[PDB]
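Participant: File name run-v8.cif; file contents mmCIF, C-alpha atoms; full text below.
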data_model
#
loop_
_atom_site.label_atom_id
_atom_site.label_comp_id
_atom_site.auth_asym_id
_atom_site.auth_seq_id
_atom_site.Cartn_x
_atom_site.Cartn_y
_atom_site.Cartn_z
CA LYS S 771 -8.77 38.66 -34.21
CA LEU S 772 -11.94 39.13 -32.18
CA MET S 773 -11.58 36.23 -29.69
CA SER S 774 -8.02 35.10 -28.89
CA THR S 775 -8.14 31.49 -27.71
CA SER S 776 -5.70 28.58 -27.91
CA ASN S 777 -7.74 26.30 -30.18
CA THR S 778 -7.88 28.89 -32.96
CA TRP S 779 -4.11 29.37 -32.68
CA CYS S 780 -3.48 25.64 -33.07
CA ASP S 781 -5.89 25.42 -36.01
CA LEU S 782 -4.20 28.37 -37.75
CA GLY S 783 -0.84 26.65 -37.37
CA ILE S 784 -2.18 23.44 -38.88
CA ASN S 785 -3.67 25.38 -41.80
CA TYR S 786 -0.35 27.01 -42.59
CA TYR S 787 1.18 23.55 -42.43
CA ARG S 788 -1.31 22.29 -45.02
CA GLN S 789 -0.57 25.20 -47.35
CA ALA S 790 3.17 24.52 -47.25
CA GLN S 791 2.53 20.81 -47.75
CA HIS S 792 0.42 21.45 -50.86
CA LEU S 793 3.04 23.76 -52.38
CA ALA S 794 5.81 21.21 -51.87
CA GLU S 795 3.73 18.22 -52.99
CA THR S 796 3.22 19.72 -56.45
CA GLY S 797 6.99 20.15 -56.76
CA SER S 798 6.24 23.76 -57.60
CA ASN S 799 8.98 25.03 -55.29
CA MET S 800 11.31 24.37 -52.38
CA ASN S 801 13.12 26.78 -50.02
CA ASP S 802 10.75 29.53 -51.19
CA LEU S 803 8.11 28.31 -48.71
CA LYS S 804 10.34 28.74 -45.64
CA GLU S 805 8.39 31.69 -44.23
CA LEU S 806 5.18 29.64 -44.35
CA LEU S 807 6.69 26.85 -42.25
CA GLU S 808 8.23 29.27 -39.73
CA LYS S 809 4.82 30.93 -39.40
CA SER S 810 3.24 27.53 -38.74
CA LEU S 811 5.79 26.75 -36.02
CA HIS S 812 5.25 30.17 -34.46
CA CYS S 813 1.49 29.62 -34.20
CA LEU S 814 1.83 26.08 -32.84
CA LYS S 815 4.37 27.13 -30.21
CA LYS S 816 2.12 30.01 -29.17
CA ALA S 817 -0.75 27.56 -28.69
CA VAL S 818 1.40 25.21 -26.61
CA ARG S 819 2.68 27.95 -24.32
CA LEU S 820 -0.81 29.42 -23.91
CA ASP S 821 -1.92 26.09 -22.35
CA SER S 822 0.88 23.57 -21.78
CA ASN S 823 -1.24 20.75 -20.40
CA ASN S 824 -3.00 19.54 -23.56
CA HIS S 825 -1.83 16.50 -25.47
CA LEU S 826 -3.28 17.87 -28.71
CA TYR S 827 -1.03 20.91 -28.95
CA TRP S 828 2.14 18.97 -28.15
CA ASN S 829 1.18 16.28 -30.66
CA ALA S 830 0.48 18.83 -33.41
CA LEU S 831 3.81 20.52 -32.71
CA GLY S 832 5.56 17.16 -32.95
CA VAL S 833 3.99 16.29 -36.31
CA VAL S 834 4.84 19.65 -37.84
CA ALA S 835 8.38 19.68 -36.38
CA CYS S 836 9.38 16.53 -38.27
CA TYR S 837 8.15 17.68 -41.69
CA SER S 838 10.77 17.28 -44.41
CA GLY S 839 11.31 21.03 -44.66
CA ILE S 840 12.17 21.50 -40.98
CA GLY S 841 13.66 18.15 -39.99
CA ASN S 842 14.06 18.72 -36.24
CA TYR S 843 13.70 15.22 -34.82
CA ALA S 844 14.86 15.96 -31.26
CA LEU S 845 12.02 18.44 -30.76
CA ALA S 846 9.62 15.93 -32.30
CA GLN S 847 10.59 13.22 -29.82
CA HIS S 848 10.32 15.70 -26.96
CA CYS S 849 6.84 16.77 -28.12
CA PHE S 850 5.53 13.22 -28.47
CA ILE S 851 6.82 12.33 -24.99
CA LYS S 852 5.20 15.43 -23.47
CA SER S 853 1.92 14.55 -25.18
CA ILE S 854 2.05 11.03 -23.73
CA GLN S 855 2.75 12.37 -20.23
CA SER S 856 -0.17 14.81 -20.45
CA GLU S 857 -2.70 12.02 -21.16
CA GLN S 858 -1.76 8.36 -20.79
CA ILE S 859 -4.62 7.13 -23.02
CA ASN S 860 -2.98 8.29 -26.24
CA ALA S 861 -2.68 6.01 -29.27
CA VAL S 862 -1.85 8.85 -31.67
CA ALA S 863 1.33 9.91 -29.86
CA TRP S 864 2.61 6.36 -29.43
CA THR S 865 2.04 5.60 -33.11
CA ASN S 866 3.80 8.84 -34.05
CA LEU S 867 6.86 7.76 -32.06
CA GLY S 868 6.67 4.40 -33.78
CA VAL S 869 6.75 6.06 -37.20
CA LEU S 870 9.65 8.30 -36.17
CA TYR S 871 11.73 5.36 -34.94
CA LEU S 872 10.77 3.12 -37.87
CA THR S 873 11.94 5.59 -40.52
CA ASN S 874 15.29 5.93 -38.70
CA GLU S 875 16.14 2.21 -38.87
CA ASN S 876 15.15 1.26 -35.31
CA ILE S 877 12.76 -1.65 -35.96
CA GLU S 878 12.78 -3.07 -32.41
CA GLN S 879 11.92 0.04 -30.42
CA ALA S 880 9.37 1.12 -33.04
CA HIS S 881 7.79 -2.30 -32.67
CA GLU S 882 7.46 -1.62 -28.93
CA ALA S 883 5.83 1.77 -29.51
CA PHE S 884 3.32 0.28 -31.95
CA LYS S 885 2.53 -2.47 -29.45
CA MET S 886 1.72 0.09 -26.75
CA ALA S 887 -0.47 2.07 -29.13
CA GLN S 888 -2.60 -0.91 -30.13
CA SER S 889 -2.77 -2.07 -26.51
CA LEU S 890 -4.52 1.23 -25.70
CA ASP S 891 -6.87 1.17 -28.72
CA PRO S 892 -7.33 -2.07 -30.66
CA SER S 893 -9.15 -0.45 -33.61
CA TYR S 894 -6.76 2.35 -34.54
CA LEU S 895 -5.62 1.95 -38.13
CA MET S 896 -2.10 3.42 -38.26
CA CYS S 897 -0.69 1.13 -35.57
CA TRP S 898 -1.90 -1.98 -37.44
CA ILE S 899 -0.38 -0.72 -40.69
CA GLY S 900 2.90 -0.05 -38.88
CA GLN S 901 2.89 -3.59 -37.54
CA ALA S 902 2.39 -4.90 -41.09
CA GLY Z 998 8.22 -19.27 26.61
CA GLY Z 999 9.42 -20.57 29.96
CA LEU Z 1000 13.05 -19.77 29.19
CA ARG Z 1001 12.18 -16.24 28.09
CA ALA Z 1002 10.14 -15.88 31.27
CA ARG Z 1003 13.13 -17.10 33.31
CA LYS Z 1004 15.44 -14.57 31.65
CA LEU Z 1005 12.95 -11.75 32.15
CA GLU Z 1006 12.54 -12.68 35.81
CA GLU Z 1007 16.32 -12.71 36.27
CA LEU Z 1008 16.67 -9.27 34.66
CA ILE Z 1009 13.65 -7.86 36.53
CA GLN Z 1010 15.07 -8.87 39.91
CA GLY Z 1011 17.85 -6.29 39.30
CA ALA Z 1012 15.84 -3.32 38.04
CA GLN Z 1013 17.02 0.25 38.69
CA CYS Z 1014 13.50 1.73 38.54
CA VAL Z 1015 12.56 -0.12 41.75
CA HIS Z 1016 14.98 2.20 43.59
CA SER Z 1017 14.01 5.43 41.78
CA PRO Z 1018 12.05 8.16 43.62
CA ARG Z 1019 9.54 8.57 40.77
CA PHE Z 1020 8.80 4.93 39.98
CA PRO Z 1021 4.97 4.90 40.23
CA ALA Z 1022 4.00 8.07 38.37
CA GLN Z 1023 6.14 7.92 35.22
CA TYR Z 1024 5.57 4.17 35.03
CA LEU Z 1025 1.76 4.38 35.18
CA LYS Z 1026 1.87 7.20 32.63
CA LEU Z 1027 3.93 4.97 30.33
CA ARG Z 1028 1.35 2.22 30.86
CA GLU Z 1029 -1.42 4.58 29.78
CA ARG Z 1030 0.41 5.88 26.71
CA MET Z 1031 1.33 2.41 25.46
CA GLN Z 1032 -2.23 1.12 25.95
CA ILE Z 1033 -3.70 4.06 24.03
CA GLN Z 1034 -1.08 3.79 21.28
CA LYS Z 1035 -1.83 0.07 20.89
CA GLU Z 1036 -5.57 0.64 20.65
CA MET Z 1037 -4.90 3.30 18.01
CA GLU Z 1038 -2.79 0.84 16.01
CA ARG Z 1039 -5.53 -1.79 16.03
CA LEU Z 1040 -8.05 0.90 15.10
CA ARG Z 1041 -6.01 2.00 12.08
CA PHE Z 1042 -5.72 -1.62 10.96
CA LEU Z 1043 -9.49 -2.07 11.09
CA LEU Z 1044 -9.88 0.80 8.61
CA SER Z 1045 -7.07 -0.39 6.30
CA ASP Z 1046 -7.12 -2.71 3.28
CA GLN Z 1047 -5.28 -5.69 4.76
CA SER Z 1048 -8.41 -6.36 6.82
CA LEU Z 1049 -10.16 -7.48 3.60
CA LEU Z 1050 -10.50 -11.24 3.65
CA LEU Z 1051 -9.99 -11.67 -0.10
CA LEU Z 1052 -6.98 -9.38 -0.64
CA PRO Z 1053 -4.35 -12.18 -0.89
CA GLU Z 1054 -6.51 -13.99 -3.45
CA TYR Z 1055 -6.67 -10.81 -5.51
CA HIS Z 1056 -2.88 -10.67 -5.41
CA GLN Z 1057 -2.62 -14.28 -6.54
CA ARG Z 1058 -5.06 -13.65 -9.40
CA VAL Z 1059 -3.06 -10.65 -10.59
CA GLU Z 1060 0.07 -12.81 -10.60
CA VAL Z 1061 -1.65 -15.50 -12.67
CA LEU Z 1062 -2.76 -12.78 -15.10
CA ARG Z 1063 0.76 -11.35 -15.32
CA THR Z 1064 2.40 -14.74 -15.90
CA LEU Z 1065 0.35 -15.10 -19.02
CA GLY Z 1066 0.66 -12.07 -21.22
CA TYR Z 1067 -2.43 -10.10 -20.20
CA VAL Z 1068 -1.22 -7.54 -17.67
CA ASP Z 1069 1.98 -5.51 -17.68
CA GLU Z 1070 3.96 -4.96 -14.51
CA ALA Z 1071 2.14 -2.59 -12.14
CA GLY Z 1072 -1.18 -3.62 -13.69
CA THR Z 1073 -1.94 -2.10 -17.10
CA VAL Z 1074 -4.04 -4.17 -19.48
CA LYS Z 1075 -2.39 -5.48 -22.63
CA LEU Z 1076 -4.06 -6.46 -25.91
CA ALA Z 1077 -4.78 -10.02 -24.77
CA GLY Z 1078 -6.37 -8.57 -21.65
CA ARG Z 1079 -8.72 -6.37 -23.67
CA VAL Z 1080 -9.61 -9.36 -25.81
CA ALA Z 1081 -10.51 -11.49 -22.81
CA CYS Z 1082 -12.35 -8.51 -21.33
CA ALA Z 1083 -15.12 -8.39 -23.95
CA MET Z 1084 -15.83 -12.11 -24.08
CA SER Z 1085 -18.87 -14.00 -22.81
CA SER Z 1086 -17.46 -17.07 -21.05
CA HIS Z 1087 -14.26 -19.09 -20.59
CA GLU Z 1088 -12.28 -15.93 -21.18
CA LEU Z 1089 -8.87 -17.37 -20.28
CA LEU Z 1090 -9.19 -20.61 -22.24
CA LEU Z 1091 -10.82 -19.04 -25.28
CA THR Z 1092 -8.27 -16.28 -25.64
CA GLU Z 1093 -5.44 -18.79 -25.12
CA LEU Z 1094 -6.89 -21.01 -27.85
CA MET Z 1095 -7.14 -18.03 -30.18
CA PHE Z 1096 -3.56 -16.88 -29.63
CA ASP Z 1097 -2.23 -20.40 -29.94
CA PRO Q 799 8.88 12.89 31.28
CA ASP Q 800 12.66 13.00 31.70
CA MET Q 801 14.25 9.55 32.06
CA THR Q 802 17.98 10.37 31.63
CA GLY Q 803 19.81 8.61 34.46
CA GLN Q 804 18.16 6.55 37.18
CA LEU Q 805 15.10 6.08 34.92
CA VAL Q 806 16.89 4.94 31.75
CA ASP Q 807 15.47 1.40 31.76
CA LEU Q 808 11.98 2.55 32.84
CA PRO Q 809 10.27 1.65 29.52
CA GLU Q 810 12.15 -1.59 28.91
CA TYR Q 811 11.39 -2.85 32.42
CA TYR Q 812 7.71 -2.28 31.68
CA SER Q 813 7.93 -4.52 28.63
CA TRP Q 814 9.71 -7.18 30.66
CA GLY Q 815 6.93 -6.96 33.23
CA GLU Q 816 4.10 -7.20 30.71
CA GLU Q 817 5.30 -9.96 28.38
CA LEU Q 818 5.89 -12.37 31.25
CA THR Q 819 2.27 -12.07 32.34
CA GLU Q 820 1.16 -12.63 28.76
CA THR Q 821 3.49 -15.60 28.61
CA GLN Q 822 2.32 -16.73 32.03
CA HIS Q 823 -1.27 -16.63 30.87
CA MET Q 824 -0.30 -18.66 27.83
CA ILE Q 825 1.69 -20.97 30.10
CA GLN Q 826 -1.35 -21.10 32.37
CA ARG Q 827 -3.38 -22.24 29.36
CA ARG Q 828 -0.73 -24.84 28.50
CA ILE Q 829 -1.60 -26.17 31.95
CA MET Q 830 -5.34 -26.59 31.56
CA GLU Q 831 -5.19 -27.32 27.84
CA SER Q 832 -3.23 -30.52 28.58
CA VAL Q 833 -4.98 -33.86 29.11
CA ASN Q 834 -2.63 -34.38 32.08
CA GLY Q 835 -3.90 -31.29 33.88
CA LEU Q 836 -7.42 -32.60 33.28
CA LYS Q 837 -6.35 -35.81 35.02
CA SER Q 838 -4.50 -34.14 37.92
CA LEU Q 839 -7.38 -31.75 38.71
CA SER Q 840 -9.21 -33.63 41.48
CA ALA Q 841 -9.56 -33.95 45.24
CA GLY Q 842 -6.39 -33.62 47.28
CA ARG Q 843 -4.94 -30.81 45.16
CA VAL Q 844 -3.68 -27.47 46.50
CA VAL Q 845 -3.71 -24.49 44.13
CA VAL Q 846 -2.73 -20.83 44.27
CA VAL Q 847 -5.85 -18.72 43.61
CA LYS Q 848 -5.57 -15.36 41.78
CA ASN Q 849 -8.63 -13.13 41.40
CA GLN Q 850 -10.04 -9.95 42.89
CA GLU Q 851 -10.95 -11.87 46.04
CA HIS Q 852 -7.86 -14.04 46.59
CA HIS Q 853 -4.48 -12.58 45.60
CA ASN Q 854 -2.26 -15.68 45.43
CA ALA Q 855 -3.82 -17.04 48.60
CA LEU Q 856 -3.19 -20.73 49.12
CA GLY Q 857 -6.31 -22.83 48.74
CA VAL Q 858 -7.09 -26.53 48.62
CA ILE Q 859 -9.60 -27.95 46.15
CA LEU Q 860 -12.11 -30.29 47.76
CA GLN Q 861 -13.62 -31.75 44.58
CA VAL Q 862 -13.91 -31.16 40.85
CA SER Q 863 -17.40 -31.39 39.37
CA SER Q 864 -18.04 -34.47 37.24
CA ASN Q 865 -19.19 -32.18 34.41
CA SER Q 866 -15.75 -31.20 33.13
CA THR Q 867 -17.30 -28.65 30.76
CA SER Q 868 -18.07 -25.94 33.33
CA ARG Q 869 -15.28 -26.81 35.77
CA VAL Q 870 -16.42 -25.14 39.02
CA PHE Q 871 -14.01 -25.76 41.91
CA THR Q 872 -15.49 -25.84 45.40
CA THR Q 873 -12.29 -24.74 47.09
CA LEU Q 874 -11.17 -23.72 50.58
CA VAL Q 875 -9.19 -20.48 50.20
CA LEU Q 876 -7.54 -18.49 52.98
CA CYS Q 877 -8.35 -14.80 53.39
CA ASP Q 878 -8.12 -12.28 56.20
CA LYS Q 879 -10.87 -12.71 58.78
CA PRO Q 880 -13.34 -9.89 58.01
CA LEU Q 881 -13.14 -7.18 60.69
CA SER Q 882 -16.02 -5.29 59.05
CA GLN Q 883 -19.50 -5.78 57.61
CA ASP Q 884 -19.96 -2.71 55.38
CA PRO Q 885 -18.94 -2.46 51.69
CA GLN Q 886 -18.64 1.34 51.91
CA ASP Q 887 -15.09 1.28 53.31
CA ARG Q 888 -13.82 -0.42 50.12
CA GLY Q 889 -12.41 2.03 47.59
CA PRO Q 890 -10.08 2.16 44.59
CA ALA Q 891 -6.39 2.22 45.52
CA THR Q 892 -3.07 2.50 43.68
CA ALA Q 893 -2.75 -0.03 40.87
CA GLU Q 894 -0.41 -2.66 42.30
CA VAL Q 895 2.59 -2.66 39.98
CA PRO Q 896 4.09 -6.09 39.32
CA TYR Q 897 7.35 -5.68 41.22
CA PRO Q 898 10.38 -7.94 40.76
#
The structure given in the file should be rewritten as structure tokens.

Facilitator:
Amino acid sequence: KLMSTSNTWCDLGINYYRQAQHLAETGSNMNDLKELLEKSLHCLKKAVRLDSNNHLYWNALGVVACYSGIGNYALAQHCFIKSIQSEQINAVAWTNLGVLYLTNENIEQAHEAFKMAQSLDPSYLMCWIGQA
Amino acid sequence: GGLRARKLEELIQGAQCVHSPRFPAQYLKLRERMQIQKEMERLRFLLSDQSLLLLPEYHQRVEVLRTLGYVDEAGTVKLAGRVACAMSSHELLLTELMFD
Amino acid sequence: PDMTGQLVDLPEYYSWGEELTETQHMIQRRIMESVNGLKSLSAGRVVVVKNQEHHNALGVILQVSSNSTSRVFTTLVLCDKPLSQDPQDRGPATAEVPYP
């Protein structure tokens, strides 16, 4: 409220994401948390448009966009690609594409994405687990 | 060389410039411009990268690296490259032994 | 300049003029570089002499020094009989174009 910057916007969006995740994960409800997820997307999109040259905001938008409640995979792929273009040294975005392809029965191309991610950072955990 | 000289002599003995009113001035000016342009070309080469004595050997080394699996096309290090990077000695042989 | 018409071949002629001399100089080397030139070069040999002093004046070599490393030719060369004694009358003139 008293200092409007992009980082706080992105963090607020992630927090709303966590709240929705906790509500769903206890099976307490479904489809009654829609407003929470739309609020999270609104905050994350505001952060990205405020400064659209940061791999972090695009990556956060991609992760939230593919949550089970939203299920918008095209936007997720677009966001991961934009994050990679913004900063080439990015293991997180490559591994996120690998997960997205792997869950949609695309073993070969996911294998390629994981290989790129570990080539850029040999001690990142998620890429090694994906390879396993 | 002698045959090219003979052909140039044959062509030169029929030149149209020899009969032009303005043969000396334009011709000398062309001499000057070509000489200056040539010296500029050599000068630009001296400041370039092809002057470097060891540049072809660098290219050959990059090819040897890329034939093994250490460097992607257009030179980005792969995992084997980063393994042989942080190694004390016999980097190529040791990393090849490890992968095999 | 404007070369449309009687001056169309003005640049190309220049090239034809230059390369021949370059070739001629190379050919001239292929004359002294040969062992056979080194055998022919002796007394009783007439040569055409080209320098600032003699411009293709005919001269006859009297002898070639035994030291074939610094080959200095004591040579009789024709020039105009000097009707002057003062170097102050000599001045830069038009650069003699190589004509056909």

Participant: Assuming the chain letters and numbering stay as they are in my file, what does the PyMOL selection byres ((chain Z) within 10 of (chain S)) actually select? List them as a PDB file with C-alpha atoms, keeping the file's coordinate frame.

Facilitator:
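New file expr_19.pdb:
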ATOM      1  CA  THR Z1073      -1.940  -2.100 -17.100  1.00  0.00           C
ATOM      2  CA  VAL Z1074      -4.040  -4.170 -19.480  1.00  0.00           C
ATOM      3  CA  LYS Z1075      -2.390  -5.480 -22.630  1.00  0.00           C
ATOM      4  CA  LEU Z1076      -4.060  -6.460 -25.910  1.00  0.00           C
ATOM      5  CA  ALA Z1077      -4.780 -10.020 -24.770  1.00  0.00           C
ATOM      6  CA  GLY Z1078      -6.370  -8.570 -21.650  1.00  0.00           C
ATOM      7  CA  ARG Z1079      -8.720  -6.370 -23.670  1.00  0.00           C
ATOM      8  CA  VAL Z1080      -9.610  -9.360 -25.810  1.00  0.00           C
TER       9      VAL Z1080
END

Participant: Would you list which chain Z residues are within 8 Å of chain Q using all atoms listed in the file, as a ChimeraX atom specification?

Facilitator: /Z:998-999,1002,1005-1006,1009-1015,1017,1021,1023-1024,1027-1028

Participant: What separation in Å, quoted to one decimal, exists between atom CA of residue Q:883 and atom CA of residue Q:844?

Facilitator: 29.1 Å

Participant: Let me know the centre plus edge lengths, in Å and rounded to one decimal, of a box with edges along x, y and z that contains all listed atoms of stretch 794-811 of chain S and is padded by 3 Å on every side, as JSON.

Facilitator:
{"center_x": 8.2, "center_y": 25.0, "center_z": -46.8, "size_x": 15.9, "size_y": 19.5, "size_z": 27.6}

Participant: For residue Q:871, which of Q:891, Q:839, Q:829, Q:855 is the closest residue, counting all atoms listed in the file?

Facilitator: Q:839

Participant: Work out how far apart atom CA of residue S:874 and atom CA of residue S:801 are and give it in Å to one decimal.

Facilitator: 23.8 Å

Participant: Can you work out the spacing between atom CA of residue S:805 and atom CA of residue S:773 in Å, to one decimal?

Facilitator: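 Those two atoms sit 25.1 Å apart.
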
Participant: Would you kindly translate the PyMOL selection byres ((chain Q and resi 872) around 9) into the concrete residues it picks from this file, as a list in words?

Facilitator: residues 859, 860, 861, 862, 863, 870, 871, 873 and 874 of chain Q

Participant: Could you give me, as a list in words, the residues within 10 Å of residue S:803, counting only C-alpha atoms and dropping anything in the same chain fewer than 3 positions from it?

Facilitator: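 Residues near the query, excluding close chain neighbours: residues 789, 790, 791, 793, 794, 799, 800, 806, 807, 808 and 839 of chain S.
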
Participant: Spell out the residues picked by the PyMOL selection byres ((chain S and resi 817-826) around 6) here, as a PyMOL selection string.

Facilitator: chain S and resi 776+779-780+814-816+827-829+853+856

Participant: Between S:843, S:787, S:884, S:850, which is the closest to residue S:896 once you count all atoms listed in the file?

Facilitator: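 Checking each of S:843, S:787, S:884, S:850 against residue S:896, counting all atoms listed in the file, the winner is S:884.
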
Participant: Take the point (-9.2, -16.5, -24.4) in the file's coordinates, draw a sphere of radius 12 Å around it, and report as a ChimeraX atom specification every protein, DNA or RNA residue with an atom inside or on it, counting only C-alpha atoms.

Facilitator: /Z:1062,1065-1067,1076-1097
